[PDB]
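Peer 1: Would you mind keeping the following structure in view while I ask a few things?
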Amino acid sequence: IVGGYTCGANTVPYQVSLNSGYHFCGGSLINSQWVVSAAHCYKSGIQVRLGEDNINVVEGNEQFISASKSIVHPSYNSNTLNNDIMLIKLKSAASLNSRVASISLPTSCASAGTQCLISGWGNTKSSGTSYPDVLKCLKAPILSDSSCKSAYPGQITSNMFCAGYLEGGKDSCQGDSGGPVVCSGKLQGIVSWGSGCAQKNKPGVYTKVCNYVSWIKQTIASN
Ligand SMILES: COC(=O)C1CCN(C(=O)[C@H](Cc2cccc(C(=N)N)c2)NS(=O)(=O)c2ccc3ccccc3c2)CC1
Ligand SMILES: [Ca+2]
């Protein structure tokens with residue numbers, strides 16, 4: 001997260017860290033046994049780490065659970081990043097409590113202007129690479145589709161929305177992918193992509209979760 005702030009230990013209880021000997025992506029706990037992330041984060045041998053703050057130190061409250069199966073959206077396109085959503089089933093159910101909780105799926109799409117909270121352990125620098133130990137947060141509004149499409153001509157699908165600041169300096173970045181975009185207590189987006197990080201007129205593009213509610217529910221119900 002570039003231009004964000006230290007969230008505070010366990011203040012984002014639904015935030016998940018996807019680990020394979022190091023943190024490579026974020027995710028959101030949607031129920032005791034299912035995590036939603038980005039399809040481009042797909043990797044075998046994934047360990048889901050819940051209740052994390054400092055990812056390098058064991059401080060207590062952590063829960064390391066292996067993924068039993070990662071279901072990448074069947075229509076995910078790795079070039080366009082369209083349908084960039086993946087469901088991960090936990091080998092065991094997470095122990096939900098004050099520091100490890102699930103986030104609700106939206107019942108309707110969020111409108112432009114809506115302020116959301118984006119979080120993750122991704123790169124904190126626009127020019128260079130600097131990864132934080134603790135979770136970083138960023139509050140950012142959902143942009144209008146006209147502005148979004150103006151920023152990324154021919155790259156925005158109906159399953160994507162822009163959120164961030166056109167002036168640059170504040171945005172999600174590498175390592176944040178798969179992470180949550182929560183608006184009014186609902187998971188509206190998944191950190192997907194962007195041209196660089198915190199660049200002027202190049203906001204972050206996120207997977208529009210409200211377009212996937214039925215798919216998520218149906219897939220979970222059949223798995
Ligand atoms: C297929 O999955 C990948 O290989 C991933 C590589 C990383 N990736 C990116 O968008 C990167 C870094 C990144 C990641 C997440 C959010 C932002 C942001 N600015 N909000 C930037 N930004 S980038 O400018 O280097 C970039 C942008 C668009 C891309 C589209 C397809 C493939 C790689 C891409 C890389 C997403 C796709
Ligand atoms: Ca830790």
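Residues in the structure tokens are named by chain (A, B, ... in the order shown) and by number from 1 within that chain; ligands are numbered from 1 in the order shown.
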Excluding residue 118 in chain A and any residue of its chain fewer than 2 positions from it, enumerate the residues within 6 Å of it, using only C-alpha atoms, and give them as a ChimeraX atom specification.
Peer 2: /A:137-138,180-181
Peer 1: Just asking: which residues within range 116-215 of chain A are strand (DSSP E or B) according to DSSP, as an NGL selection string?
Peer 2: :A and (116-120 or 136-142 or 160-163 or 171 or 180-183 or 186-193 or 199 or 202 or 204-208)
Peer 1: All residues within 7 Å of ligand 2 are required, counting only C-alpha atoms and all ligand atoms; please report them as a ChimeraX atom specification.
Peer 2: /A:52-59,62
Peer 1: Kindly provide the residues of chain A that approach ligand 1 to within 10 Å, each paired with its closest atom pair and their distance in Å to one decimal, based on only C-alpha atoms and all ligand atoms, listed by chain and increasing number, as a Markdown table.
Peer 2:
| residue | atom | partner | partner_atom_place_in_ligand_line | distance |
| --- | --- | --- | --- | --- |
| A:1 | CA | ligand 1 | 20 (N) | 8.5 |
| A:2 | CA | ligand 1 | 19 (N) | 9.1 |
| A:25 | CA | ligand 1 | 15 (C) | 9.4 |
| A:38 | CA | ligand 1 | 2 (O) | 9.1 |
| A:39 | CA | ligand 1 | 2 (O) | 8.2 |
| A:40 | CA | ligand 1 | 2 (O) | 4.6 |
| A:41 | CA | ligand 1 | 2 (O) | 7.3 |
| A:42 | CA | ligand 1 | 2 (O) | 9.3 |
| A:76 | CA | ligand 1 | 1 (C) | 10.0 |
| A:77 | CA | ligand 1 | 1 (C) | 8.3 |
| A:78 | CA | ligand 1 | 1 (C) | 4.8 |
| A:79 | CA | ligand 1 | 31 (C) | 5.0 |
| A:80 | CA | ligand 1 | 31 (C) | 6.0 |
| A:81 | CA | ligand 1 | 31 (C) | 6.0 |
| A:82 | CA | ligand 1 | 31 (C) | 9.6 |
| A:84 | CA | ligand 1 | 2 (O) | 8.9 |
| A:122 | CA | ligand 1 | 15 (C) | 8.3 |
| A:123 | CA | ligand 1 | 13 (C) | 8.9 |
| A:126 | CA | ligand 1 | 19 (N) | 8.8 |
| A:155 | CA | ligand 1 | 30 (C) | 9.3 |
| A:162 | CA | ligand 1 | 20 (N) | 8.9 |
| A:163 | CA | ligand 1 | 20 (N) | 8.5 |
| A:164 | CA | ligand 1 | 20 (N) | 8.2 |
| A:168 | CA | ligand 1 | 19 (N) | 9.9 |
| A:170 | CA | ligand 1 | 20 (N) | 9.1 |
| A:171 | CA | ligand 1 | 20 (N) | 5.4 |
| A:172 | CA | ligand 1 | 20 (N) | 4.2 |
| A:173 | CA | ligand 1 | 17 (C) | 3.9 |
| A:174 | CA | ligand 1 | 14 (C) | 4.0 |
| A:175 | CA | ligand 1 | 14 (C) | 6.7 |
| A:176 | CA | ligand 1 | 15 (C) | 5.8 |
| A:177 | CA | ligand 1 | 15 (C) | 4.8 |
| A:178 | CA | ligand 1 | 15 (C) | 8.2 |
| A:179 | CA | ligand 1 | 15 (C) | 9.1 |
| A:190 | CA | ligand 1 | 15 (C) | 9.5 |
| A:191 | CA | ligand 1 | 16 (C) | 5.8 |
| A:192 | CA | ligand 1 | 15 (C) | 5.2 |
| A:193 | CA | ligand 1 | 10 (O) | 3.2 |
| A:194 | CA | ligand 1 | 19 (N) | 3.6 |
| A:195 | CA | ligand 1 | 24 (O) | 3.5 |
| A:196 | CA | ligand 1 | 24 (O) | 3.9 |
| A:197 | CA | ligand 1 | 19 (N) | 3.8 |
| A:198 | CA | ligand 1 | 19 (N) | 6.0 |
| A:199 | CA | ligand 1 | 19 (N) | 7.5 |
| A:202 | CA | ligand 1 | 19 (N) | 7.3 |
| A:203 | CA | ligand 1 | 20 (N) | 6.3 |
| A:204 | CA | ligand 1 | 20 (N) | 3.5 |
| A:205 | CA | ligand 1 | 20 (N) | 6.0 |
| A:206 | CA | ligand 1 | 20 (N) | 7.8 |
Peer 1: Could you pull out the residues in range 5-218 of chain A that DSSP calls helix (DSSP H, G or I) from the backbone, as a PyMOL selection string?
Peer 2: chain A and resi 39-41+145-151+209-211+213-218
Peer 1: Just to be explicit: take each residue in the selection above, keep N, CA and C atoms, and write the result as a PDB file, in the first residue's frame.
Peer 2:
ATOM      1  N   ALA A  39      -7.567 -14.298  -8.877  1.00  0.00           N
ATOM      2  CA  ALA A  39      -7.195 -15.478  -9.648  1.00  0.00           C
ATOM      3  C   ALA A  39      -5.725 -15.436 -10.062  1.00  0.00           C
ATOM      4  N   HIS A  40      -5.184 -14.233 -10.235  1.00  0.00           N
ATOM      5  CA  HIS A  40      -3.792 -14.100 -10.626  1.00  0.00           C
ATOM      6  C   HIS A  40      -2.835 -14.413  -9.477  1.00  0.00           C
ATOM      7  N   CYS A  41      -3.389 -14.700  -8.304  1.00  0.00           N
ATOM      8  CA  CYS A  41      -2.587 -15.052  -7.140  1.00  0.00           C
ATOM      9  C   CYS A  41      -2.452 -16.561  -7.040  1.00  0.00           C
ATOM     10  N   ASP A 145     -17.208   5.375 -13.615  1.00  0.00           N
ATOM     11  CA  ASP A 145     -16.757   4.557 -14.719  1.00  0.00           C
ATOM     12  C   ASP A 145     -16.187   5.388 -15.848  1.00  0.00           C
ATOM     13  N   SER A 146     -16.716   6.592 -16.051  1.00  0.00           N
ATOM     14  CA  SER A 146     -16.204   7.451 -17.113  1.00  0.00           C
ATOM     15  C   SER A 146     -14.745   7.794 -16.835  1.00  0.00           C
ATOM     16  N   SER A 147     -14.431   8.142 -15.590  1.00  0.00           N
ATOM     17  CA  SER A 147     -13.054   8.470 -15.235  1.00  0.00           C
ATOM     18  C   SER A 147     -12.178   7.231 -15.355  1.00  0.00           C
ATOM     19  N   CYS A 148     -12.703   6.100 -14.893  1.00  0.00           N
ATOM     20  CA  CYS A 148     -11.993   4.827 -14.937  1.00  0.00           C
ATOM     21  C   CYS A 148     -11.611   4.461 -16.373  1.00  0.00           C
ATOM     22  N   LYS A 149     -12.597   4.466 -17.266  1.00  0.00           N
ATOM     23  CA  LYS A 149     -12.369   4.141 -18.670  1.00  0.00           C
ATOM     24  C   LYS A 149     -11.509   5.170 -19.377  1.00  0.00           C
ATOM     25  N   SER A 150     -11.527   6.412 -18.903  1.00  0.00           N
ATOM     26  CA  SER A 150     -10.685   7.449 -19.487  1.00  0.00           C
ATOM     27  C   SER A 150      -9.226   7.181 -19.128  1.00  0.00           C
ATOM     28  N   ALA A 151      -9.006   6.653 -17.926  1.00  0.00           N
ATOM     29  CA  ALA A 151      -7.669   6.325 -17.450  1.00  0.00           C
ATOM     30  C   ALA A 151      -7.117   5.081 -18.137  1.00  0.00           C
ATOM     31  N   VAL A 209     -16.696  -7.426  -7.142  1.00  0.00           N
ATOM     32  CA  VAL A 209     -17.299  -8.554  -6.428  1.00  0.00           C
ATOM     33  C   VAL A 209     -18.817  -8.696  -6.528  1.00  0.00           C
ATOM     34  N   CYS A 210     -19.548  -7.587  -6.555  1.00  0.00           N
ATOM     35  CA  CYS A 210     -21.007  -7.661  -6.640  1.00  0.00           C
ATOM     36  C   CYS A 210     -21.492  -8.405  -7.881  1.00  0.00           C
ATOM     37  N   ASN A 211     -20.630  -8.524  -8.890  1.00  0.00           N
ATOM     38  CA  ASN A 211     -20.985  -9.245 -10.119  1.00  0.00           C
ATOM     39  C   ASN A 211     -20.775 -10.743  -9.931  1.00  0.00           C
ATOM     40  N   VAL A 213     -21.410 -12.468  -6.709  1.00  0.00           N
ATOM     41  CA  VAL A 213     -22.093 -13.031  -5.547  1.00  0.00           C
ATOM     42  C   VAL A 213     -22.754 -14.385  -5.803  1.00  0.00           C
ATOM     43  N   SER A 214     -23.524 -14.509  -6.882  1.00  0.00           N
ATOM     44  CA  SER A 214     -24.183 -15.776  -7.193  1.00  0.00           C
ATOM     45  C   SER A 214     -23.167 -16.877  -7.484  1.00  0.00           C
ATOM     46  N   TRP A 215     -22.107 -16.533  -8.213  1.00  0.00           N
ATOM     47  CA  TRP A 215     -21.074 -17.503  -8.558  1.00  0.00           C
ATOM     48  C   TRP A 215     -20.379 -18.015  -7.295  1.00  0.00           C
ATOM     49  N   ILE A 216     -19.967 -17.094  -6.428  1.00  0.00           N
ATOM     50  CA  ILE A 216     -19.303 -17.447  -5.179  1.00  0.00           C
ATOM     51  C   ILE A 216     -20.186 -18.390  -4.369  1.00  0.00           C
ATOM     52  N   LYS A 217     -21.421 -17.967  -4.119  1.00  0.00           N
ATOM     53  CA  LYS A 217     -22.363 -18.766  -3.356  1.00  0.00           C
ATOM     54  C   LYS A 217     -22.610 -20.147  -3.952  1.00  0.00           C
ATOM     55  N   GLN A 218     -22.850 -20.210  -5.261  1.00  0.00           N
ATOM     56  CA  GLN A 218     -23.099 -21.486  -5.934  1.00  0.00           C
ATOM     57  C   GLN A 218     -21.892 -22.415  -5.878  1.00  0.00           C
TER      58      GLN A 218
END
Peer 1: For residue 4 in chain A, which of A:32, A:119, A:68, A:144 is the closest residue, counting only C-alpha atoms?
Peer 2: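 Among the listed residues, the smallest separation from residue 4 in chain A belongs to A:119.
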Peer 1: Extract, using only C-alpha atoms, all DNA, RNA and protein residues at most 10 Å from residue 14 in chain A, discarding same-chain residues fewer than 6 positions from it, and format them as JSON, numbers by chain.
Peer 2: {"A": [27, 28, 29, 30, 31, 35, 50, 51, 52, 96, 99, 100, 101, 102, 103, 104, 179, 180, 187]}
Peer 1: Go through A:121, A:64, A:5, A:212 one by one, measure the shortest atom-to-atom distance of each to residue 160 in chain A using only C-alpha atoms, and give the residue with the smallest value.
Peer 2: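 Smallest distance to residue 160 in chain A is found for A:212.
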Peer 1: List as a compact mmCIF listing (two decimals) with C-alpha atoms, in the first residue's frame the protein and nucleic acid residues near residue 65 in chain A, meaning an atom at most 10 Å away when only C-alpha atoms are counted, but skip any in the same chain fewer than 3 places from it.
Peer 2:
# COMPACT_ATOMS: atom_id res chain seq x y z
CA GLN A 33 -13.66 -22.08 5.68
CA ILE A 46 -0.62 -22.15 -0.40
CA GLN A 47 -0.82 -21.65 3.36
CA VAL A 48 -3.49 -19.19 4.49
CA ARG A 49 -2.43 -17.05 7.45
CA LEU A 50 -5.20 -15.48 9.54
CA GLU A 62 -2.26 -16.29 14.16
CA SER A 68 -7.32 -27.70 0.41
CA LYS A 89 -11.16 -23.56 0.65
CA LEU A 90 -9.39 -24.04 3.98
CA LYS A 91 -8.32 -27.53 5.03
CA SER A 92 -9.82 -26.77 8.44
CA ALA A 93 -12.33 -24.17 9.60
CA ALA A 94 -10.76 -21.04 11.05
Peer 1: Please measure the separation of CA of residue 207 in chain A and CA of residue 188 in chain A, giving the value in Å to one decimal.
Peer 2: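 Going from CA of residue 207 in chain A over to CA of residue 188 in chain A, I get 8.2 Å.
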Peer 1: Have a look at CA of residue 88 in chain A and CA of residue 61 in chain A and let me know their distance in Å, one decimal.
Peer 2: 20.9 Å
